[PDB]
Structures are given as C-alpha cells and as structure tokens.
2 protein chains.
Amino acid sequence: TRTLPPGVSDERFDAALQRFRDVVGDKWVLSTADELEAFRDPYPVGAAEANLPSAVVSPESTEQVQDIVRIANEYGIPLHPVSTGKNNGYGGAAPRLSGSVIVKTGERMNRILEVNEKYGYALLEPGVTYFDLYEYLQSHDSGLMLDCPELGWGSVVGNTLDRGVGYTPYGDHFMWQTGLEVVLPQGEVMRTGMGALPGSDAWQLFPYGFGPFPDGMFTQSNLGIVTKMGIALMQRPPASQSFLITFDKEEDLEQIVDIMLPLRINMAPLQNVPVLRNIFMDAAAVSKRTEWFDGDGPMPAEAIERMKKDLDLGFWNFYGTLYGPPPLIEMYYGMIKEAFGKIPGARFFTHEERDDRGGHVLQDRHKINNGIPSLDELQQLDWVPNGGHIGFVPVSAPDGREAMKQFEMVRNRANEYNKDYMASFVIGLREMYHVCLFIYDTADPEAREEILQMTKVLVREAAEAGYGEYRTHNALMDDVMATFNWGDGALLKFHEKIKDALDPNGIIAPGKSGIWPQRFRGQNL
Amino acid sequence: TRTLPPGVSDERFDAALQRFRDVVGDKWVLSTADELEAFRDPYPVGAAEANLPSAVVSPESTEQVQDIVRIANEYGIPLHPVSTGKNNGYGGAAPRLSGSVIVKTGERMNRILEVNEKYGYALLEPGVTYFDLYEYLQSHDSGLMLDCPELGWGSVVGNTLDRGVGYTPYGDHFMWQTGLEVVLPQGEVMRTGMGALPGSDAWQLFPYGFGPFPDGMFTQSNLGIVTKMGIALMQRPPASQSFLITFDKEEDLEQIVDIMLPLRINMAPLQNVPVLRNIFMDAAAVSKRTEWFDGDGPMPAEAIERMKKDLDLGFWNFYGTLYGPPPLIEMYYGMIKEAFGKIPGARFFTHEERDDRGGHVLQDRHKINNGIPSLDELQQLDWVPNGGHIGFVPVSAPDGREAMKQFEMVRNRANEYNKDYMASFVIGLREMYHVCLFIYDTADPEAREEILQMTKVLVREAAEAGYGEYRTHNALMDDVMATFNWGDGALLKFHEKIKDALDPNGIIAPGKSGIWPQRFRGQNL
Ligand SMILES: Cc1cc2nc3c(=O)[nH]c(=O)nc-3n(C[C@H](O)[C@H](O)[C@H](O)COP(=O)(O)OP(=O)(O)OC[C@H]3O[C@@H](n4cnc5c(N)ncnc54)[C@H](O)[C@@H]3O)c2cc1C
Ligand SMILES: Cc1cc2nc3c(=O)[nH]c(=O)nc-3n(C[C@H](O)[C@H](O)[C@H](O)COP(=O)(O)OP(=O)(O)OC[C@H]3O[C@@H](n4cnc5c(N)ncnc54)[C@H](O)[C@@H]3O)c2cc1C
Ligand SMILES: COc1cc(CCCO)cc(OC)c1O
Ligand SMILES: COc1cc(CCCO)cc(OC)c1O
C-alpha cells in the first residue's frame with residue numbers, strides 16, 4: 001500500500017505533491033517506494049513497519065521552506081524537517097509519525113554562509129556536514145577548528161538541533177550555537193538573538209539578543225524548520241596529545257569516575273571531553289563478534305579476556321586529549337598519570353605509543369578530539385551481520401557508584417535479551433552521558449523486537465532509579481517524555497500548550513520528543 | 001488618588017487584596033501609599049509619574065505563589081514578580097505596567113536549599129542575596145566561590161532572571177543556571193531539566209533534561225514566577241592577582257579593544273571578564289562631581305585632566321583578574337603587559353601596588369572578581385545630589401572601531417542632553433556589553449525627562465547603526481523591543497503568541513521586554 005499522511009486521501013496527497021513540485025522542482029520531490037527506501041530508518045527498531053515517510057521534499061531556499069510549510073498547512077500534511085538526516089541510532093531521517101513528508105533541508109541548502117577568522121564563528125545552512133566545514137577550514141588555512149561527533153557525515157546544524165555533542169572543549173554544540181533563522185509552523189520566518197536586529201553584525205557574537213531566550217526551544221523540537229544557524233568555533237591550539245588509559249577490571253569503573261571528577265570539573269587537566277569505553281565498544285570498532293565468540297547468547301568471560309589480551313586493551317579504556325604548549329601538555333599528562341595510576345593495573349599510552357590494531361580507537365579519538373572528522377566508528381556496525389545500533393543514553397552524576405549502578409542495571413537487561421552491551425561514558429563538567437549502544441542484526445525481526453522491548457524496559461527501569469535519557473529514538477520518544485512527569489506531567493503540558501499555539505494545524509514533526517499537537521493526541525500514533 | 005489595576009474597581013481590588021491576605025497573612029500585603037513609596041523606582045526616569053505598584057504581596061511558599069496567581073487570574077490583577085527587587089538602573093522593583101501588584105518572592109522565600117561541595121552547585125530560593133550565599137560559603141569553609149555583579153545586595157536568582165552578569169569565569173549567570181521551578185501564569189507549577197524527572201539527583205548537574213530547552217524563556221520574561229533556581233559554582237582557584245591598566249587618551253579605546261580580543265577569545269590570558277571603565281566611572285566611585293567642576297554643562301577638558309592627575313588614572317582604565325598557580329598567573333600577566341604595553345602611555349598596577357584613593361576601584365574589582373560581594377560601587381550615586389542612574393547597555397563587537405563609534409555616538413548625545421557619560425565595557429569572549437551609566441539628580445524633573453528623551457534617542461540612533469541593547473529600563477522596554485524587528489516584527493509576534501498561550505488572562509508582568517498580552521496590546525499602557 002501507498003504510505004499516506006493521516007487522514008489525507010490519495011487525491012489530496014497527489015495534489016499536495018504537485019504543489020510541492022511547483023515550489024522546489026519535480027526533481028526534488030520523491031514519492032515512490034524505491035526512492036523512499038533510502039529514507040526509512042537504517043537501523044529499524046521493532047518487528048513491525050514504523051516511521052514510514054510519505055515523500056521527501058528538498059528545498060533550495062528559506063523562501064521555499066516557507067511555501068512548503070504553507071502548503072502543508074493547507075492540506076494538513078505533517079512535515080519532518082531534517083538537515084542531512086543521519087540521525088542513526090535515533091531514527092535516521094525517518095519521521096516519528098508515519099505518513100509525514102520529510103523536508104530534507106540539507107540536500108540543497110548546503111552553503112557555508114560565513115566563516116569569520118577574527119571572531120571565531122561560522123554561519124551555516126543545514127547541509128554543511130562536518131566534512132564540508134573541515135574541508136573549508138583546511139582550504140582557507142584557517143586557525144579555527146570544528147567540534148564533531150564520532151561520525152563526520154552528519155550536519156553541524158542538524159546535530160546541534162538534536163543537542164548532539166562532540167569531544168573538544170566546544171563539545172556542547174548547543175552551548176556554542178549562536179543565532180538561528182527558523183520558519184515557524186505556519187510559514188513565518190524569524191531570526192533569533194542579534195539577528196532580530198536589522199543590520200547587526202553580532203548575530204554570531206552574542207547569543208541572547210533581548211527578551212526571552214528562545215533558541216533552546218528549537219532543539220529536540222517540533223516548533224519550526226531551521227534554515228540558518230551560527231556556531232562559535234574554537235581556535236586551534238599549538239599542539240595536542242591524546243592518551244589512552246587501560247583499566248583491567250569491570251569493577252574499576254567506580255574508581256575511574258571518582259578519580260576523574262576532580263580532574264575534570266575545572267576543565268584541567270582534563271581539558272577535552274573524556275570518554276570511558278568498555279572492551280565491547282572498542283573491539284567492535286576493529287573486529288567482528290565472531291572473531292571472539294560465534295556461539296549463542298551473551299559472550300563468556302574467556303572470550304572477554306581474549307579481546308583484552310589480543311587488542312591489548314582493558315575492560316575500561318579512558319581516552320583523552322590535551323591541548324596547548326608542550327610544557328603544559330606534559331604537566332597535565334603527569335597529573336593524569338599520577339592520579340589514575342593509583343588504580344591497580346592501569347596502563348598509559350599516548351597517541352605516539354601504539355601502532356597496533358587495539359590502538360586504532362586511540363588514533364580515531366586523536367582525530368575527533370582535534371576536530372578532524374572521521375567515519376572509523378562505522379566499523380562498529382560490522383560487529384554482526386546487517387548491523388545497526390540504537391542509542392540508549394541515560395544521564396549520570398559523575399559518581400563512580402552511580403556509574404556502576406547504571407552499568408549493572410543495563411548489563412543485566414542486555415544479557416536477558418541477548419544483546420551485547422557497548423558502553424561509553426562521555427564526561428562533561430558535572431554530568432556524564434552513559435552511552436549504551438546495542439548493535440544487532442537489522443534483518444532479523446526477532447532481534448528488532450527484542451531491541452525495542454529491551455529498551456522500553458530500560459527506559460522504565462532507569463526512570464524508577466531516578467535516571468533519564470538526554471536524547472532518544474523515535475520508538476522511545478513517548479516513553480522517555482513520560483518519565484519526565486514531575487507535577488502530573490507539567491513539562492509536557494507546557495510544551496503541548498506552546499506547540500498548539502505556534503502550530504494550530506499540527507504540521508511540524510508531530511510526536512518529536514513525545515510532543516503531539518492537539519489533532520493527534522489520544523491516538524495510537 | 002489610589003493606584004488601581006487597569007479596569008479593576010476599588011471594590012474588586014479590595015476583594016482581591018483580602019484574598020491575598022487570606023493566602024499570605026495580612027501583615028504580608030502592603031497597599032497604602034506610604035507603604036508603596038519604598039517600591040517605587042529609586043532612580044525614576046521621566047518627569048511624569050510612571051510604573052506605580054498598586055500593592056506588594058510577600059508569599060512564604062511556592063504553594064502560596066500558586067494561590068496568588070490563581071486569585072490574580074480570577075480578578076484580572078497584573079502581577080510583577082521580583083526576587084529582591086534591586087533592579088536599580090532598570091526600574092528597581094517597580095512594575096512596567098502601573099497598577100500591577102508586586103509579588104516579592106524574596107522577602108520570605110529566602111532559603112539556601114542546597115549547596116553541593118562535590119559537584120559545585122547551589123539550589124536557591126529567590127531571596128538569597130549574594131551576601132547571603134557568600135556568608136554561607138564562608139561559614140562552611142567551602143571550596144567554592146560565587147559570581148557576583150558589582151552590588152551584592154541583589155538576588156542570585158533575580159539577577160539571573162534578567163540575564164545579569166558578573167566578572168569571574170562564571171560571569172554568565174544564565175549559562176551556569178541549571179534547573180528551575182516556576183509557577184506558570186495560570187498557577188501550574190513546573191520544574192525544568194532533570195527536575196522534571198521525579199527522584200533525579202541531576203537537577204543541578206545537567207541543564208537540558210529532555211525535549212525543547214525552556215529555561216531561557218523564563219529570563220527577561222513574563223511567562224511565570226520562579227520559585228527555585230539552581231546554579232553551578234566554580235571551585236576557588238589556589239591564587240589570584242588583579243591588575244589595572246591605565247590609558248591616557250580617549251582615542252586609545254580603539255587600540256585597547258583590538259589588542260584585547262586575541263588575549264580574551266580563548267579565555268586566556270584574560271581569564272576573567274575584563275572591564276574597561278572611563279575616568280568618569282572611576283571618579284564617581286571615589287568622589288563627587290563638584291570636586292572637579294562646579295560650572296554649567298559638560299565637564300571641560302582641564303577638569304577631566306585634574307581627575308586623571310589626582311586619581312592617577314587614565315581616561316580608560318582596564319581591570320582584570322588572573323587565577324591559578326602562581327607561575328601561571330605570572331606568565332599570563334607578562335603576556336598582558338607585553339600586549340597592552342604597545343599603547344603609548346599605558347601604565348600597569350597589580351592589586352599589590354596601589355593603596356591610594358585612585359586605586360579604590362582596583363581593590364573593589366579584586367573582591368568582586370574573586371566572588372567577594374561589595375556595595376562600594378553605591379558611592380557612584382553620590383556623584384551628584386539625589387543621584388540615580390539608568391543603564392543604557394548596547395552590545396558591541398569586540399572591535400575597536402565599533403567601540404569608538406559607540407563611544408562617540410553616546411558622548412555626543414550625553415553632551416547634548418547635559419548628562420555625564422560613565423562608561424564600562426564589560427567584555428565577554430566574542431562580545432562586549434557597553435555599559436553607559438548616566439548618573440543624574442533624581443529630584444530634578446527636567447533632568448529625569450532629559451534622561452528619558454536622551455535614552456529614547458540613543459536606542460533609536462544605536463539601532464540605526466545596527467546596535468541593540470541586552471537589557472533595559474521599564475521606560476525603554478517598548479522602544480528596545482521595537483528595534484528587534486527583523487522580518488516585520490517576527491520575534492515579538494512569536495513572543496506574543498507564546499505569552500497569550502501560557503497567560504490567556506494576561507496576568508504576569510505585562511509589558512516586560514515589550515511583550516504585552518492581548519488585553520493590553522495597543523493601549524499605550
Ligand atoms: C556509531 C555511532 C556513533 C555516534 N556518535 C555520536 C556522537 O559522538 N555524538 C552525537 O551527537 N551523535 C552521535 N551519533 C548519532 C548521530 O550519528 C549524530 O548525532 C548525527 O550527527 C545526527 O544526524 P544529523 O547530523 O544528520 O542530523 P539530522 O538527522 O539532520 O537531524 C537530527 C534531528 O534534528 C532535527 N532537525 C534537524 N534539522 C532540522 C531543521 N532544519 N529544522 C528543524 N529540526 C531539524 C530533527 O528532529 C532531526 O531528526 C552516533 C551514531 C552512531 C551510529
Ligand atoms: C551602580 C550599579 C552597578 C550595577 N552593576 C551591575 C553588574 O555588574 N551586573 C548586573 O547584572 N547588574 C548590575 N546592576 C544592576 C542591578 O544592580 C543588578 O542586576 C541586581 O542584582 C538586579 O536586581 P535583583 O538581583 O534584586 O533582581 P530583581 O529586581 O529581584 O529581579 C530582576 C527582574 O527579574 C525578574 N524576576 C526576578 N525575580 C523573579 C521571579 N522570582 N520570577 C519571575 N521573574 C523574576 C523581574 O523581571 C525582575 O524585575 C548595577 C546597578 C547599579 C546601580
Ligand atoms: C554522546 O552522545 C552520543 C555518543 C555516542 C557514541 C559515543 C561512543 O563513545 C552515540 C550517540 O548516539 C548514537 C550519542 O548520542
Ligand atoms: C554588565 O552589566 C551591567 C554592568 C553595570 C555596571 C558595570 C560597571 O563597571 C551596570 C548594569 O546595569 C545597571 C549592567 O547591566
């Protein structure tokens with residue numbers, strides 16, 4: 001059957017598709033099953049079909065976005081705006097609401113509008129990937145560096161708009177986002193901050209402007225379609241050194257985190273975003289599961305010791321990067337060695353001390369942590385046939401016992417559902433993103449359903465323990481927002497009220513972050 | 001005559017006042033003219049009466065705030081929430097809309113709810129002043145320090161809610177704000193961030209929570225009455241050093257700013273928030289105008305030279321503070337001396353090198369920049385009889401030509417309207433707050449009217465040159481929001497839609513930031 005927007009007939013949708021073609025050109029509207037396969041979730045969750053797009057519209061300009069939104073309002077067509085649509089682990093480009101039209105802004109709105117060397121910023125359209133911006137900075141001999149997530153094929157804008165993160169001192173992308181332009185849900189266009197002052201040169205200099213500060217309301221949001229976004233860019237330091245600390249025992253996690261916090265909270269000596277990855281995460285980056293265990297069910301401890309011995313890695317592997325003059329780097333590395341060396345069996349390696357396969361992750365972090373984008377971690381998806389992943393990322397206090405509690409709770413459910421537990425604590429100043437990647441055979445419908453049921457269990461169990469997730473997959477958005485229900489669901493009620501005011505026809509990404517416009521509430525999707 | 005809410009009769013207002021007394025206690029409702037005199041703007045702007053409160057209500061609890069908001073909805077009573085109501089320069093405690101009832105949350109909601117040494121944060125009620133928090137930290141021998149504005153008698157919460165700023169590395173108060181509790185305009189209570197997840201310990205560790213990020217919409221805002229707010233607290237460094245650089249000429253401003261930017265953008269060597277204050281600003285802190293000049297009109301060049309000579313200060317005076325191990329401080333100070341020394345006439349002083357009257361401001365900055373609150377700057381108001389100030393604060397790029405353009409533009413109008421121009425550039429990473437404090441005799445109605453007309457001209461003239469203000473006085477809020485009118489007033493229309501959705505009866509601080517609810521729009525008050 002043809003995927004159609006809810007309540008929209010074949011005739012009405014054909015008519016809307018043609019109005020879209022009038023705006024963007026016939027080449028830039030996709031609506032056949034073969035064309036749309038590329039836009040389904042690449043890592044499907046659940047046995048049954050879900051998150052089916054009805055079309056893809058690729059606008060060239062803000063003016064075209066406004067016209068697309070107005071047409072969607074006339075026809076009642078839901079729109080899922082994306083930048084590059086590489087939100088893999090959280091749905092890809094696929095809409096939360098099946099039948100929605102994807103607005104792929106980044107296909108043609110892909111210009112670097114400004115890179116300012118003096119004030120250190122960029123003004124970007126959504127199609128600028130991290131690779132694109134890196135190539136620009138390299139080609140202009142820029143003194144600036146970008147901040148990228150693990151995979152460079154995503155969007156500087158799009159990643160920020162889901163509050164994604166990277167690993168340099170500028171790792172909080174939303175923090176350094178400065179100014180945006182957005183098409184509101186009925187087609188009006190708005191600039192935030194100093195961009196609201198005509199002729200201001202400070203759109204990318206001063207984020208707040210005047211009055212209530214709105215930009216965060218357009219992140220993890222369905223309140224508009226972003227068409228331009230500014231971001232601050234850090235100056236590249238004169239030198240850097242990355243390092244790996246291997247820790248032998250599962251149980252070391254508690255002491256690692258507790259030693260880490262005093263070294264991190266003042267952004268020195270731990271200047272970048274430390275990451276603490278387990279052996280499964282690192283092994284998946286350089287090898288397939290069957291090299292260590294080709295049997296049924298969870299991997300046995302003998303197979304784990306082999307992974308560690310052969311890759312020369314610990315169960316927990318701490319990656320960091322230091323920046324600045326060589327003397328500062330040496331002083332900070334000495335402090336780090338002296339602190340973590342109090343853990344029995346810890347071993348230290350700089351990026352120049354490992355040329356072996358187990359050191360491939362360290363080399364990859366040394367790129368990433370220096371704003372050099374990479375795709376090396378895509379090899380994690382070769383762990384099993386037809387590999388995909390889902391991201392389960394609860395927030396943790398930077399406390400070793402809390403980390404251990406979360407590790408044990410996730411590992412337990414992981415084992416129960418026969419999914420390997422790849423873990424990476426991504427460490428901020430006062431919080432940790434406990435990244436749980438579950439890699440699975442996306443062609444196997446029982447594996448897909450196990451992933452869905454396992455993660456719904458984990459969302460509930462984590463919440464009963466006081467833990468919430470910072471970001472989540474289409475399939476989990478209602479469940480995750482349901483956990484943030486202090487005061488009889490006060491937060492969601494507030495969001496719904498704003499959603500219905502700005503989007504009275506219920507057009508933009510219905511269900512994003514569990515926020516449904518009035519016409520869709522009380523339904524089973 | 002008695003001050004009444006718009007459209008509310010004496011009999012209705014009396015009934016509402018008694019309902020307020022039911023909630024908070026009859027002792028905690030003020031409504032006579034003598035009682036309300038203290039809640040008038042202490043630095044009145046304009047000759048005519050403006051911004052008159054009809055009553056003051058002091059709630060003891062969030063539950064009482066909810067009840068007050070419910071009563072106000074029933075009766076159509078506008079409410080102006082304040083914490084400590086010390087917003088001097090911007091209206092004091094006085095409401096934008098005359099006839100509003102001030103809700104002074106800080107009078108009785110004044111508890112430090114938590115200070116966490118390990119993770120470095122505080123959870124505060126609105127009545128905690130900077131002095132209160134400092135005394136707590138001292139009393140408990142805390143390793144943490146606060147970040148305060150120039151005057152310590154304001155509210156850690158209230159200052160943040162107007163996006164006020166201080167001068168340590170944590171000087172962006174809203175940035176370090178983490179979690180809040182707010183009573184929405186119809187009386188519902190909501191927690192943001194991880195506080196929306198019942199049982200989370202991360203309310204003050206991770207600001208975003210899940211879904212659209214709303215906390216900024218409650219700053220410079222009329223979308224609620226905030227009852228609790230968290231804020232991160234920096235660890236106190238092992239050592240510090242403050243310094244003053246004096247520069248001889250008005251025209252040095254261009255070179256000072258251009259030398260400063262490379263030293264600031266990486267947060268080192270200029271680690272704190274530098275301030276660049278002109279001789280009028282520093283002279284007012286230690287002396288009266290008639291010490292230097294008792295004639296008519298703007299101060300002549302020779303009197304300006306006498307201020308410089310006796311106080312041993314420049315026309316421009318640069319104040320900074322360095323932090324960290326003693327060798328790091330000495331290396332950074334050497335970098336700062338080498339850079340700024342290229343300006344002919346520059347002279348350098350650390351806080352150890354001046355014990356004269358001219359050095360009083362340096363010693364005060366050494367307290368403020370180390371989280372030690374002060375009221376010394378209140379002496380600026382003794383510059384002339386019955387002294388008050390208004391804050392005209394355009395944002396400037398950190399560019400010397402732009403700073404000079406703004407200086408010359410403001411000086412030109414200050415001279416025209418016979419107001420001394422006290423200037424302080426408060427310097428962020430990529431932007432400066434160009435603080436123009438105009439000090440005037442508040443008893444002189446012509447001076448008050450000159451201040452109003454001069455600043456209205458400056459708002460328009462600055463906007464014509466592409467500059468907007470970050471914060472403003474009641475009397476200028478409509479004019480300032482009117483300058484942020486890109487896209488035919490798109491930003492204000494967006495704020496108005498949200499305002500009417502959350503506040504359908506138009507109760508909370510109508511006209512704050514130029515944002516009026518439907519029932520008042522177009523009424524010219
Ligand atoms: C192995 C692996 C490792 C990963 N590591 C990381 C990591 O380190 N850090 C990280 O952050 N992520 C990580 N991810 C997740 C994902 O790869 C990235 O976050 C990716 O950059 C997001 O996709 P994107 O940039 O194309 O954004 P998009 O998919 O274009 O956008 C993401 C979402 O933002 C919203 N949005 C986007 N554009 C607009 C717009 N114009 N208007 C309105 N709303 C919009 C929509 O809700 C959209 O679904 C990882 C994934 C995998 C599989
Ligand atoms: C000489 C001088 C120097 C100054 N220097 C500085 C400086 O360095 N930095 C600086 O930031 N300011 C400065 N100011 C301005 C002012 O002194 C401070 O900002 C002061 O801290 C603000 O008053 P307050 O803290 O009592 O906040 P309040 O007056 O309580 O609140 C300010 C506003 O925030 C909102 N608000 C407050 N509480 C609530 C609540 N509970 N719910 C909802 N909304 C609320 C209201 O709009 C209120 O009007 C200066 C003023 C002068 C005269
Ligand atoms: C920090 O946020 C994320 C980190 C990773 C991988 C971290 C590997 O060390 C994946 C994500 O989504 C799939 C995230 O959101
Ligand atoms: C940085 O923000 C402000 C600074 C000052 C005075 C700075 C003196 O050096 C006053 C203000 O309001 C009256 C401000 O908002």
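These values consider heavy atoms only, across backbone and side chains, with no hydrogens, waters or symmetry-generated copies. Proteins come first, then strands; the chains are lettered A, B, ... in the order of their sequence lines, and each starts at number 1.
In A:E464, the CD atom is crowded: over 12 heavy atoms of neighbouring residues, nucleotides or ligands sit closer than 6.0 Å.
Highest contact tally toward chain A, considering only B:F174, B:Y470, B:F494, is held by B:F494 [criterion: heavy-atom pairs under 4.5 Å]. Considering only heavy-atom pairs separated by less than 4.5 Å from chain A, the leading option among B:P398, B:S396, B:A196 is B:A196. When each of B:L184, B:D399, B:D488 is scored by its heavy-atom pairs under 4.5 Å with chain A, the top score falls to B:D399. The choice from A:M190, A:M234, A:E402, A:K512 that makes the most heavy-atom pairs within less than 4.5 Å of chain B is A:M190. By number of non-hydrogen pairs under 4.5 angstrom with chain B, the leading residue of A:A397, A:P169, A:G209 is A:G209. In terms of heavy-atom pairs under 4.5 angstrom with chain A, the leader among B:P214, B:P207, B:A465 is B:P214. Ranked by heavy-atom pairs shorter than 4.5 Å toward chain A, the options B:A232, B:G428, B:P237, B:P262 are led by B:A232. Ranked by heavy-atom pairs shorter than 4.5 Å toward chain A, the options B:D162, B:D500, B:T178, B:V189 are led by B:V189. Contact count versus chain B (heavy atoms, under 4.5 Å) is highest, among A:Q235, A:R163, A:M481, for A:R163.
Under the side chain to side chain contact (heavy atoms under 4.5 Å, CB included) test applied with A:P212, the options B:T219, B:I515, B:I498 reduce to a single match, B:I515.
Using a 4.5 Å cut-off between heavy atoms, B:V395 contacts chain A through its side chain alone, with no backbone atom that close. With a threshold of 4.5 angstrom between heavy atoms, B:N116 does not approach chain A through any atom at all. For B:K118, the parts lying under 4.5 angstrom from a heavy atom of chain A are both the backbone and the side chain. Looking at B:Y433, the atoms closer than 4.5 Å to chain A (heavy atoms on both sides) all sit in the side chain, from C-beta outward. Interface residue A:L205: backbone and side-chain heavy atoms are both found under 4.5 Å from chain B. For B:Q186, no part lies near chain A; criterion is any non-hydrogen pair under 4.5 Å. Of the two parts of B:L491, the backbone and the side chain both hold a non-hydrogen atom closer than 4.5 Å to a non-hydrogen atom of chain A. Both the backbone and the side chain of A:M175 have a heavy atom closer than 4.5 Å to some heavy atom of chain B.
Side-chain polar atoms of B:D201 and A:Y467 form no donor-acceptor pair below 3.5 angstrom.
The backbone N or O of B:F210 lies less than 3.5 Å from no partner atom in the side chain of A:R471, so there is not a single donor-acceptor pair. A donor-acceptor pair under 3.5 Å links the side-chain atoms of B:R430 to the main chain of A:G120, judged by distance alone. The main-chain N or O of B:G487 is never found under 3.5 Å from a side-chain atom of A:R191 such that the two would form a donor-acceptor pair.
Ionic pairing of B:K497 and A:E188 is not present here: no N-O contact between side-chain nitrogen and carboxylate oxygen is shorter than 4.0 angstrom.
Atom CD in A:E431 sits 10.5 Å away from atom CE in B:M194 (nearest 0.5 Å). Once rounded to the nearest 0.5 Å, the distance linking CG of B:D215 with CE of A:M217 reads 10.0 Å.
Among the residues in residues 263-270 of chain A, those with a non-hydrogen atom closer than 4.5 angstrom to a non-hydrogen atom of chain B are A:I265, A:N266.
Annotation: side chain of A:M432 is not in contact with side chain of B:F206 (no heavy-atom distance under 4.5 Å).
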Show, in sequence, the C-alpha distance, side-chain angles and deciding distance for A:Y119 and B:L429, and conclude whether the side chain to side chain contact (heavy atoms under 4.5 Å, CB included) test is met. CA-CA 9 Å; A:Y119 305 119; B:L429 290 191; over 6 Å; no
Going through the checks in order, is the ring-ring contact (aromatic ring centres under 6.0 Å, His included) test met by A:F213 and B:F218? CA-CA 8 Å; A:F213 174 49; B:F218 296 104; over 10 Å; no
